Each structure stands twice: as C-alpha cells, then as structure tokens.
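**Student:** Shown below is the structure under consideration.
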Protein chains: 6
Amino acid sequence: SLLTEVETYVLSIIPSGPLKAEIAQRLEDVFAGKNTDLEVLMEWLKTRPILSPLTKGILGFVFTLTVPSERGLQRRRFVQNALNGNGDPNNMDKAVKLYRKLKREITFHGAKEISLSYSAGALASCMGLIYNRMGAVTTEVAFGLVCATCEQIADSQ
Amino acid sequence: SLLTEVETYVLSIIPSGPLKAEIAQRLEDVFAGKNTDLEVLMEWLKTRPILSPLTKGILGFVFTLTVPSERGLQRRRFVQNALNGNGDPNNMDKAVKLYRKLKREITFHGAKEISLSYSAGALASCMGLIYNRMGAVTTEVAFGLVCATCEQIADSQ
Amino acid sequence: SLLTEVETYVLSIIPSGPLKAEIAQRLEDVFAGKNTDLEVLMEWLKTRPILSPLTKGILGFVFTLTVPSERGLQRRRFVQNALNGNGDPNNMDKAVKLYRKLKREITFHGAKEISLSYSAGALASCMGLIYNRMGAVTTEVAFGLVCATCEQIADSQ
Amino acid sequence: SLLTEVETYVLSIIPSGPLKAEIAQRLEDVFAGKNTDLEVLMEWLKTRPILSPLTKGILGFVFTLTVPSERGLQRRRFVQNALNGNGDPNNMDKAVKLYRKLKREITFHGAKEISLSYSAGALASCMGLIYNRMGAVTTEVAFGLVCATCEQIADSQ
Amino acid sequence: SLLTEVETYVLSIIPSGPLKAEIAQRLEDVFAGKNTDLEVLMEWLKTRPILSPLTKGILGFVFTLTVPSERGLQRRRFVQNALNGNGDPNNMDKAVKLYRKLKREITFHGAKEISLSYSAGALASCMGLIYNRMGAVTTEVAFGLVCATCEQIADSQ
Amino acid sequence: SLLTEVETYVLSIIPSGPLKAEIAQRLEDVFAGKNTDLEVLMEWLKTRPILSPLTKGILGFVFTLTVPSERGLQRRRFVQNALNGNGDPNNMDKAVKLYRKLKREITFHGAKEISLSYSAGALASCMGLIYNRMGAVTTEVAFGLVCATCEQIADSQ
C-alpha cells in the first residue's frame with residue numbers, strides 16, 4: 001500500500017506527543033478522500049507550535065500533492081522557505097541533478113530508489129524545486145521523493 | 001476469460017483504498033454490459049484525486065475501447081497527455097515500431113506477447129498512438145496492449 | 001451433426017459474457033428452423049457493442065447462408081468490410097486460390113480440410129469473396145470454410 | 001530419431017538458465033507440428049537478451065527450415081548477419097567449397113559427415129550461404145549442416 | 001554453466017560485506033532474465049561507496065553486455081575511465097594485441113584461454129577497448145575476457 | 001576480507017580506553033555503508049583529546065577515502081599537517097619514490113607489499129602526498145598504504 005508508506009515515513013519524523021496524534025488523523029483523512037480544504041489545512045500547519053519548519057514544509061508539500069482542492073491557490077511562502085532551506089550552495093547543486101533524474105521517472109519506487117542516494121539536505125532542496133513546479137514530475141515520483149527525504153531525516157537522528 | 005484478465009491487470013496498478021473499490025465496481029459494470037455513458041465516466045475519472053495521470057489515461061483508454069457509447073465523442077486531452085506522456089524522444093520511436101507490429105495482429109494474446117518486449121514507457125507511448133486512431137487495430141489487440149502496459153508498470157514497483 | 005459443428009466453432013471465437021449467451025440462443029433458433037428475419041437479425045448484429053467486426057462478419061455470413069429468408073435483400077456493407085478485412089495484398093491472393101479450390105468441392109468436410117491449410121486472414125478474405133457471390137459454392141462448402149476460419153482464429157488466441 | 005538429434009545439438013550450445021527452457025519448449029512445439037508462426041517466433045528470437053547473435057542465427061535458420069509457414073516472408077537480416085558472421089576472408093572460401101559438396105547430398109548423415117571436416121566458422125559461413133537460397137539443398141542436408149555446426153561450436157567451449 | 005562462471009569470477013574480486021550480497025543479488029537477477037533497466041543499475045553502481053573504480057568498470061561492462069535494454073544509451077564515462085585505467089603506455093600496447101586476437105574468436109573458452117596470457121592491467125585495458133565498441137567481438141568472447149580479467153585480479157591479492 | 005584488515009590495522013595503533021571503543025564503532029559504521037557525514041566525523045576527530053595528531057591524520061585519511069559523501073569538501077589542514085608530518089627532508093624523498101610506485105599499482109596487496117619496504121615516517125609522508133590528490137591512486141592501493149603505515153607504526157612501539 002503506497003499511501004500507508006507515505007504516512008509511516010512522514011509520521012516517523014514527528015516527535016511524540018498530542019500534536020503528532022492530530023497530524024496522524026489529518027493525514028489519515030486526506031488519504032481517505034475525506035474531502036479537505038487545502039487553505040484551512042495549511043493555515044493550521046503554518047500555526048502549529050513545536051513543529052520544525054522543515055516538517056511543516058514536508059507536510060505542506062504532501063497536502064499540496066494530494067487533496068489538490070487548490071482552485072488557483074498560490075504557493076505558500078512558508079513551505080518554499082522551509083524547503084529551499086533558504087540558502088546553502090552545493091546541496092542545491094545536487095538538488096538540481098536529482099530533479100533531472102526524477103523528471104525521467106514515473107513510478108513511486110523508481111523515484112524513491114534513486115532519491116535515496118542523496119542526503120536529507122539535498123532531498124529537501126529537491127522537494128523545494130518540485131514545489132515551485134508541482135507538475136514537473138508525476139504524483140507518484142513526488143511521493144517517492146517525500147519518503148526518501150523522510151527516511152534520510154529520521155536516520156539523521 | 002479475457003475481460004477478467006484486463007480487469008485484474010488494470011486493478012493491479014491502482015493502490016489500495018476506497019477509490020480502488022469504486023474503480024473495481026465501474027470496471028465490473030462496463031464489462032458486464034451494464035450500459036454506461038462514456039461522457040459521465042470520463043468526467044468522473046478526470047476528477048478523481050490521488051489517481052496518477054497515467055492510470056487515468058489507461059482507464060480512459062479502456063472505457064473508450066469498450067462501452068463505445070461514444071456518439072461522435074471527441075478524444076479527451078487528459079487521456080492523450082497522460083498517454084503521450086508528453087515528451088520523451090526515443091521511447092516514442094519504440095512506440096511507433098510496436099504500433100507497426102500490432103497492426104498486423106488480430107488477437108489478444110498475439111498482441112500481448114509481442115508487447116511484453118517493450119518497457120512501460122514505450123508501451124504507454126504506444127497506447128497514446130492507438131488512442132489517436134482507435135480503429136488502427138482490433139479491439140482484442142488493443143486489450144492485449146493494455147495488459148502488457150499494466151504488467152510492465154506493476155513490475156516497475 | 002453438421003450444424004452442431006458450426007455452432008461450436010462459431011461460439012468458440014466469442015468471448016464469455018451475457019452477449020455470448022444471446023448469440024448462442026439466436027444461432028440455436030436459426031439452426032432449428034425457428035423461422036427468422038434476416039433483416040432483423042442483421043440490424044441486431046450490426047449494433048452489438050464489444051463484438052469484433054470480424055466476428056460480426058462471420059455471424060452475418062452464417063445467417064445469410066442459412067435462414068435465407070432474404071427476399072432480394074442486398075449484401076450488408078458491414079459484413080463485406082469486416083470480411084474483406086479492408087485491405088491487405090497477398091492474403092487476398094491466397095484467398096483467390098482457395099476460392100478456386102472450394103468451387104470444385106461439394107461437401108462440408110472436403111471444403112473444411114483444404115481450407116485448414118490457410119491462415120485466418122486468408123480464410124476471412126476468402127469468406128469475403130464468397131459473400132460477394134454466395135451461390136459460387138454449395139452451402140456445405142461455405143459452412144466448411146466458416147469452421148476452418150473459426151478454428152484458425154481461436155487458435156490465434 | 002532425426003529431429004531429436006537437431007534438438008539436442010541445438011540446445012547444447014545454449015547456456016543454462018530460464019531462457020534455455022523457453023527455447024527447449026518452442027523447439028519442441030515446432031518439431032511437433034504444433035503449428036507456429038515464423039514471423040512471431042523470429043521477432044521473439046531477435047529480441048532475446050543474452051543470446052549470442054550466432055545462436056539466434058542458428059535458431060532462425062532452423063525455424064526457417066521447418067515450420068515453413070513463411071508465405072512470401074523475406075530473409076531476416078539479423079539471421080544473415082549472424083551467419084555470414086559479417087566478414088572474414090578465407091573461411092568464406094571453405095564455406096563455398098562445402099556448399100558445393102552439400103549440393104550433391106540428399107541425406108542428413110551424408111551432409112553431417114562431410115560437414116564435420118570444417119571449423120565452426122566455416123560451417124556457420126556455409127549456413128549463411130544456404131540461408132540466402134534455402135532451396136539450394138534438401139531439408140535433410142541443411143539439418144545435417146546445422147548439427148555439425150553446433151557440434152563444432154560446443155567443442156569450441 | 002557459463003553464466004555461473006562469470007558470476008563466480010566477478011564476485012571473487014569483491015570484498016566481503018553487505019555490499020557484496022547486494023551485488024550477488026543484482027547479478028543473479030540480470031542473469032535470470034529478470035528484466036532490468038541499465039540506466040538504473042549503472043546509477044546505482046556509480047554511486048556505491050567502497051567499491052573500487054575498477055570493479056565498477058568490470059560490473060558496468062558486464063551489465064552493458066547482458067541486459068542490453070540500452071535503447072540508444074551512451075557509454076558511461078565512469079566505466080571507460082576505470083577500464084582505460086586512464087593512462088599507462090605499454091600495457092595499452094598489449095591490450096591492442098589482445099583485442100586483435102579476440103576479434104578472431106567466437107567462443108567463451110577460446111577467448112578466456114588466450115586472455116589468460118596477459119596481466120590484469122592489460123586485460124582491463126583490453127576491456128576498455130572493447131567497451132568503446134561492444135560489437136567488436138561476440139558476447140561470449142567478451143565474457144571470456146571478463147573472467148580472465150577477474151582471475152588475474154583475484155590472483156593479484 | 002579487505003575492510004576487516006584496514007579496521008584491525010587502524011585500531012592497532014590506538015591505545016586502549018573508551019575513546020578506542022568509540023573509534024571502533026564509527027569505523028564499523030562507515031565500513032558498513034551506514035551512511036555518514038564526512039564533515040561531522042572530521043570535526044569529531046579533530047576535537048578528540050589524547051589522540052595523537054598522526055592517528056587523526058590516518059583516520060581522517062581513511063574516512064576521506066571511504067564514505068566519500070564529500071560534496072566539494074576541501075582538504076582538512078589538520079589532516080595534511082599530521083600527515084606531511086610538517087617538515088623532515090629525506091623521508092619526503094622516499095615518500096615521492098613510493099608515490100611513484102603506488103601509481104603503477106591497482107590492488108590492495110600489491111600496494112601493501114611494496115609499501116612495507118619503507119619506514120613509518122616515509123609511509124606517513126606518502127599518505128600526505130596522496131591526500132593532496134586522492135585520485136592519484138586507486139582506493140585499493142590507498143588502503144594498502146594505510147595498513148602498511150599502521151603496521152610499521154605499531155611495530156615502532
């Protein structure tokens with residue numbers, strides 16, 4: 001089950017506490033098709049205390065991927081900044097190269113496999129690149145990048 | 001049973017969840033002769049969240065094949081784009097060659113056998129080619145291409 | 001039993017489903033002398049969804065053979081096209097040669113035996129040739145050609 | 001049993017693995033009269049990975065010999081090249097001389113006996129010569145050349 | 001069994017550890033016909049830590065030989081460099097001479113026997129020469145060169 | 001097992017205590033592919049108390065060799081100084097000569113054998129030379145130099 005892989009990977013980087021429970025429920029609802037309103041979800045995310053900016057960027061990215069329900073919605077600066085990590089030459093260089101590989105992919109595992117060859121910083125940078133143009137890659141490839149990013153992150157701790 | 005082969009192959013590339021169940025039921029009805037209205041089905045497909053564009057193109061292609069019930073209906077750009085994959089020299093080259101072989105076929109297995117020699121990308125590209133001119137090949141050959149495409153895809157994961 | 005051979009051969013190329021059942025019943029009635037109205041049957045055939053053009057041509061050919069009940073009826077373009085396969089040099093060449101052999105035959109098995117030496121494409125092409133002039137051969141020879149054509153077809157799958 | 005000799009000789013030059021099993025089955029079917037479609041078989045052969053070009057040429061040659069089922073089919077460049085070995089003066093000279101001896105033969109063993117006096121390279125070259133004009137020699141002589149070629153090859157390893 | 005010889009020779013030069021296990025599995029799959037995607041495999045190879053460049057060149061060469069599945073794929077500079085060893089007059093001279101002998105060969109053992117008369121450095125240099133034009137020799141000869149190269153290498157330790 | 005040889009040689013020059021245990025674990029992880037971040041490891045090394053500068057240079061050299069994970073990373077002055085030993089004519093002269101021999105090598109044992117003919121001071125000096133241009137020699141040769149250096153050192157005590 002693909003969506004259960006995303007969910008498990010994403011939750012893995014969130015520290016334990018009541019906030020996590022709330023993130024587990026919202027993720028479950030979005031991945032269940034239980035409607036959703038991007039605008040509302042994002043405000044919520046953007047305002048949660050104790051959540052690392054990066055983790056908000058990863059969640060914001062995931063909610064933007066699924067539950068499109070955008071309707072001309074603009075990109076959230078708070079997602080772009082946490083993803084672009086805001087500065088760090090090099091890593092950005094690796095991000096561009098990964099972005100080029102992912103563009104040739106179509107599947108979740110294919111994207112996930114090649115992505116696992118980069119560090120969390122570059123992976124996050126690459127997510128920031130895709131976020132600028134979500135339609136650059138397929139939804140399955142994007143999801144593959146998300147997990148890898150989360151895998152490398154949880155491994156950092 | 002031919003139609004059960006298509007159904008099993010097509011469902012295999014859809015990730016688990018309530019959406020799949022809904023796809024399983026619609027496919028069952030179309031393959032049961034339970035009437036159907038292409039126009040309605042396609043709008044539905046075109047608007048499902050979490051379904052990969054490619055998978056919509058494969059489904060859109062299948063619904064166009066069976067349940068003709070078209071009535072002068074035009075080709076759905078959302079099917080053509082997801083199939084033509086939109087860009088990728090080479091693969092398209094293999095697609096043309098496959099298209100030439102399928103044109104000489106008449107049966108499901110014959111078409112399926114030779115098709116299994118190409119990659120998912122080329123197979124999908126070939127489906128895009130047939131979609132432009134559905135009458136290029138027989139319905140059985142087209143169905144053979146669908147399965148192979150699905151087989152190679154599920155094998156990608 | 002001759003007519004049971006035709007029936008079994010013809011049904012063998014039709015995929016399973018409720019439509020087949022309906023074809024099994026109509027064939028049974030025609031072969032039972034249960035009257036019939038060519039005009040009505042053909043409209044029905046011509047309008048069935050999911051039936052391959054070829055299979056309609058083979059059925060249309062059989063219904064034209066038996067249950068004459070024509071009454072000056074013209075040839076159905078939808079039968080001629082599905083049979084003539086509409087284009088394919090060569091195969092047509094073999095069709096002509098077969099047509100020449102069948103003209104010397106009088107029996108079902110004689111016609112069936114020599115016919116089994118050609119491919120489905122040529123056999124179908126030959127049926128198209130006979131369809132232009134049904135009286136070219138005897139009804140038993142025509143029936144022999146039908147089975148062989150069906151035998152070679154079901155063997156293609 | 002002649003055909004069992006060809007089969008054993010041909011398989012002897014194919015390295016072990018699942019591909020061999022598939023070659024063993026197809027050879028068995030062709031030599032069993034189980035119909036066959038040259039065009040289909042050849043595409044398959046032409047596209048198998050890990051099979052040495054030469055071995056494809058030998059198989060392509062054998063399938064062309066038996067299961068004629070050609071129908072005006074042209075010679076496969078991929079068979080001619082692997083056989084003509086594509087360049088090598090001398091050896092070609094021996095090939096011509098062998099070709100002259102085989103033309104006087106009629107039987108399998110006669111052809112096989114004299115053929116065993118040449119090297120694999122010349123034998124393969126000679127097969128290439130016959131392939132240009134299959135009707136140059138009798139089918140039994142051709143089969144004799146195939147085995148010898150295979151015998152000398154397996155002896156090379 | 002030829003392919004088991006390649007596998008055993010290739011693994012022999014890889015030091016023990018979990019990485020070897022992963023190489024053993026991928027080699028097994030490629031040699032089993034289990035599809036494969038050259039592009040993907042190579043990226044993987046190119047990015048493995050602790051693998052000596054040379055060993056990557058030997059593996060890259062083997063994967064290029066089998067599982068063609070190239071599709072117009074270009075030569076990997078990381079394979080050419082590790083093979084051409086990048087500089088070393090003389091040895092290159094022996095490589096050219098070996099290249100000339102292998103061109104006259106057709107079998108695995110023939111190529112392997114004569115190859116075993118050169119040192120690992122020259123053998124590797126010769127592999128680099130073939131890599132520039134894979135079609136210079138037959139697949140069996142190439143495989144013979146691979147083993148010898150591996151034999152001489154493992155003997156160096 | 002190559003990597004176990006490096007590990008045993010490297011640990012042999014570290015005096016007993018809890019610090020060694022920590023070095024044993026980090027070396028084990030790096031040699032296990034357990035990711036790693038050169039930048040982090042080096043800071044750690046650079047800041048350990050009681051470790052002789054030389055031993056840090058040898059470790060820094062090893063971590064730079066494996067777990068490349070550099071990404072444009074610059075050479076660590078603290079590694080260069082401990083290796084170049086910072087001054088000592090002569091020995092440096094032997095280092096250059098060894099550097100010239102190693103450049104002709106490709107394997108671990110070959111490099112290790114010839115290296116064992118020099119003293120620890122020259123060997124260390126030679127490591128300093130390679131460190132300036134890591135790509136001067138193959139990874140296996142470099143590893144051979146490391147052990148010899150460690151062998152000669154532990155023999156000094």
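Identifiers in this document derive from the order of the structure tokens: chains are assigned A, B, ..., residues are numbered from 1 separately in each chain, and ligands are numbered from 1 in order of occurrence.
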Need to verify the contact set: region 49-59 of chain A, 8 Å, only C-alpha atoms, exclusion of same-chain residues closer than 6 positions in sequence. Can you return it as an NGL selection string?

**Tutor:** :A and (10 or 13-14 or 78-83 or 85 or 146)

**Student:** Identify all chain F residues at most 9 Å from chain A by counting only C-alpha atoms; ligands do not count. Present them as a list in words.

**Tutor:**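 Matching residues, ligands excluded from the count: residues 35, 69, 71 and 72 of chain F.
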
**Student:** Can those selected residues be exported to a file as a compact mmCIF listing (two decimals), in the first residue's frame so that it contains N, CA, C and O atoms?

**Tutor:**
# COMPACT_ATOMS: atom_id res chain seq x y z
N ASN F 35 25.57 5.05 5.98
CA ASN F 35 25.69 6.43 5.59
C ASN F 35 26.96 7.10 6.07
O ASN F 35 28.05 6.61 5.80
N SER F 69 30.99 10.86 0.39
CA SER F 69 30.00 11.80 0.88
C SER F 69 30.66 13.16 1.14
O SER F 69 30.32 13.84 2.11
N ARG F 71 31.17 16.06 -1.32
CA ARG F 71 30.36 17.11 -1.94
C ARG F 71 31.15 18.41 -2.03
O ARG F 71 30.75 19.43 -1.48
N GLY F 72 32.28 18.37 -2.74
CA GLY F 72 33.10 19.56 -2.89
C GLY F 72 33.89 19.93 -1.65
O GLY F 72 34.53 20.98 -1.60

**Student:** Would you mind reading off the distance between CA of residue 29 (chain D) and CA of residue 153 (chain C), one decimal, in Å?

**Tutor:**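 According to the coordinates, CA of residue 29 (chain D) and CA of residue 153 (chain C) are separated by 18.9 Å.
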